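Given next are two forms of a protein chain, the same chain in both, each as structure tokens and marked structure 1 or structure 2.
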Structure 1
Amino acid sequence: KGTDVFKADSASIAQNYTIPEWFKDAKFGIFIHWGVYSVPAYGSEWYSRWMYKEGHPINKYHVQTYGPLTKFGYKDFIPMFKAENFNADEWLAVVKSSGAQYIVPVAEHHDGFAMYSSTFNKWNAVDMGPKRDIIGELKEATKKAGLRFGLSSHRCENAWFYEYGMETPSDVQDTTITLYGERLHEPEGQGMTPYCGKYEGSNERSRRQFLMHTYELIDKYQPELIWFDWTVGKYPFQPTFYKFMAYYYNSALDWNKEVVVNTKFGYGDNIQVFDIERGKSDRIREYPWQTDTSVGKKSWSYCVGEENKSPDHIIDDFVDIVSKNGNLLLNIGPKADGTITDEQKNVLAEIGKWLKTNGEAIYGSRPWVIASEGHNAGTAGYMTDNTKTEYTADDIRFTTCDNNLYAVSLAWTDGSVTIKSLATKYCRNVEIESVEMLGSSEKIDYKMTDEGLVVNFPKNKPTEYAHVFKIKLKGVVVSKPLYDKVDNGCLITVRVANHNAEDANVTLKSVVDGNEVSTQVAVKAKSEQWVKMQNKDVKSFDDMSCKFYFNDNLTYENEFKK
């Protein structure tokens, strides 16, 4: 078509790409790991890699259960992947009942098997296994369901996923079998780092095939979101990935659709949507991001003996995620025959029921001045979210929408909470106009005090898990300051919300070690903004004396040591 607004570099993409509003408004999507690995249903979806590692538990399990590596390899699961009870409409009904707004089936995982109608990859679900275009059928059901269709690609790791099959007698050593990839060594680098060391993680043919892979996905299914696994960020792969990004963003312009890319590291927060695997953020992040996590604690694909999270665990993390500008991409793992388990069906249905009542606080919302208050901050970071926090009613998460304030208690109480973030020191002319709990017909009795807004819970729980107060208020509110260390100084970050219908001007003052920095800020009516300040010539960050002022009212001082 010739559309070439986007060139294959980060400056070009940053000049013209904007994370779309639909992703910020959507908040919630369903991930679905399903493939050949679902047949053995043992360990996890990494079965293909570990079965060829002689001595590994999965290897020893496979030899006894299915046979030696030379007689029964991973490819030999494919005839057993018949998917006799797969029905795209049934999957979409479950996703829709969860309240999710977009769906991300796995188009191809690490194992080499394309779950779509591929041209270059003969190991695909149209010619083999299910003998149907799983991705295509899901795309169709998604459109009828009225949701947005995405998909994930994990093919970058296929270059090295089968490396151990070269080090022991196996069918992987037959290099004419393209399913098993380039058989390279795993790239070096611990965790979410672009460093690859002595093993690049890809080669010329795998990069060429990656582009063939993404191009046909783009061209055939026009997904509104493409999610990529961690290795696309390794340094030797980045030129190839930027080629993909420009082609996707250019194609999207032709579609009159705005699209989303997910990576876990290696690319700027502003040119794609940052994603954290099995973990969330501890702070409000400037740019929209995504937690992708599984209902199963052990695995993404179905495996016998999976320990599924509770709805309370997931919904508490969900609210925490949304309060910090994040989306939740929640994974289910259906049985090999195409059946979503009843436990994971129940988890999604419970979330959907909660969202039916409390969705006004979630859909279309944005972070407030501060995401959370209370004693229990919760988990944060890569591979931390299997731990469940024991929240109280005092653990509160905030969102905002249409100038309304939503304060979500992560547990119940027969008494009252006090919203400390509305304490008088953070406020200027804050007047509470109304308080209600979503889904409750009981008039909420509340009282503004110097320590914050005291709110008494109603008699009856509208829902379990989490409970939402909708607050209409005027006035200006500032967050407590966040201090970050830099060279010879410190960075101060607050957020200010003007809930008034009139424009407001606001003065913030940071006094650090005698150095006084001030900024006057014009905040339009019914708006909020970041305010970053810097105190320089600070000789010791650990020994700082700090005072912060909101229009000459003391908001914070670090009166206590270290």
Structure 2
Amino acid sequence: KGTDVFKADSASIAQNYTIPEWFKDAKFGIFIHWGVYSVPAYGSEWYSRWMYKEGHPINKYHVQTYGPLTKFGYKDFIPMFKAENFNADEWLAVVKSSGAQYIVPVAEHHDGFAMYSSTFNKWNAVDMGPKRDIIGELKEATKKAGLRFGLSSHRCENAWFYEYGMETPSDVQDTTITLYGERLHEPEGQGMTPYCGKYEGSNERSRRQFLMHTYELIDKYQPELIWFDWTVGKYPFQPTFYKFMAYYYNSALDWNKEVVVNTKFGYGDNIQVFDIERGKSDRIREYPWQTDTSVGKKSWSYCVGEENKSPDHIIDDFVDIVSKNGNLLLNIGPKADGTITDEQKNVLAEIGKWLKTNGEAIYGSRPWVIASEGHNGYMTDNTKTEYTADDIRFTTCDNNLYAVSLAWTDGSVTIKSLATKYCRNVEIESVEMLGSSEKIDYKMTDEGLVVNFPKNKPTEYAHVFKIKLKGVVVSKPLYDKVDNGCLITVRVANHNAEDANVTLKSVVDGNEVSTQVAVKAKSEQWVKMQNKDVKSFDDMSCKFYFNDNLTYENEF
């Protein structure tokens, strides 16, 4: 007791918190959406909300399949949630087989039902349904498997999730049933915004219970990561959430473990790990981030008739995410009895076999100077576009450069990011394809590093060239509009064994800014510059120089 480095405010957290290296090193986790919503097997965690909305397809489905809302409520699925085939060790063997490094079971979704040993919430999996501590058994299994344990909380939305049950006859109108939460209106605001309009989305009781909920998860299971759904960022909840963050980060100091909080918006990108959709951006993000997707094409939780995705598209996206400083949190949805389907076991096993061969380029890597090259919205056709071998993503680790082609070719590729205009004194020492015993034939040209693919595929899906090089490389510059000027961003990598001095020069509309940078041996860094007196960002004339060699000019 006594540890109080962190106070429940933003400036205190930012003063003392750093995103841990294990998260950056890990890259890949498995999300497991499993709960009472698995029983109807409709494929929606929002079953509990829409079943009470008169006329909604789920409402109509429920009334015919299970009965009127006054006789069969969401709570009445819970006795059926027996989980006769749940086995935590079996789950962890599937997770471990994927090559993932952490696991994120759902500790509590929006529906009010705790999947763990809760003291205040009598709607829990120890007392009801499975009659076991699902989260506790998964924590023990994860320790034995040698992975890191996280979990997700979606309880904040329980404050309003059952609001439609008050508008039509149903058991939600019996306000003594606490599973159904505060029955408030959903907060206003579209998408990821802290604005809530005239409905706060929480109240005093739900805020206090959120602290009881997160405190007991922290105290009982000491998770290394806690993921939260989107409404914890609405303005009225932020004081409560900062109290949670301080308690979690202070506890973690005592545990001698560094921890991660995920949120979708509302909090600084340095005091937590953003969990965000993948943009259209090719850019490397400065801070580590996470993005989530399901193995199922249709759903996250289990539904009959699910069509699962192919390992190829998942792996291609995974590599793209990793090249841009992201982690992939990939979801499986077990059946209500606790069985992970053969199809999803197979997808995870294929990813794991890919990582067995190619993981050197993934685990522990960091973004290079630039994440991607190659050709890769509103199309009024089905174009059937796929990646080609010329679509390349980059990572670096231990001064090695990994160039990952997202498809195969019988010919060659030319790595354009190693074109001579980006390079000073670059010499290639070796090139190999991970998993290949064949010697790679390659040649440096002015246009880049030409690399001939070997004869046999070591793996499907994506193919890694490991490149050992010396020299200094700069990325192509990025331009961002600032008032009366422009911000220029590059990354520089010194692959030499000795420190290097580099000069960058941005000449925009005749205004010249220069910076000299000492880049430590076998290291890389962001460099930002700013040109002034730019009348028009769209009409600007731009030249960028790397040690007085022209790297870029907006020629077209």
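C-alpha atoms forming the largest set that superposes within 1.5 Å between two forms make up the rigid core. Counting starts at 1 and follows the sequence of structure 1.
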Only one of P458, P236, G279, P462 crosses a C-alpha shift of 2 angstroms between structure 1 and structure 2, counting 2 angstroms or more, core aligned. Which residue? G279
Checking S440 here: with the core superposed, does its CA move 2 Å or more between structure 1 and structure 2? no
Could you tell me whether the Cα atom of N250 shifts by at least 2 Å between structure 1 and structure 2 after core superposition? no
Inspect the rigid-core superposition and answer whether the C-alpha of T119 shifts by 2 angstroms or more between structure 1 and structure 2. no
Keeping the rigid core fixed, work out how far the Cα of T389 travels between structure 1 and structure 2, to one decimal in Å. 6.2
Just grab the Cα shift of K536 between structure 1 and structure 2 for me, core aligned, in angstrom. 1.3
Could you check how much the CA of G305 shifts between structure 1 and structure 2 after a rigid core fit, in angstrom? 2.2
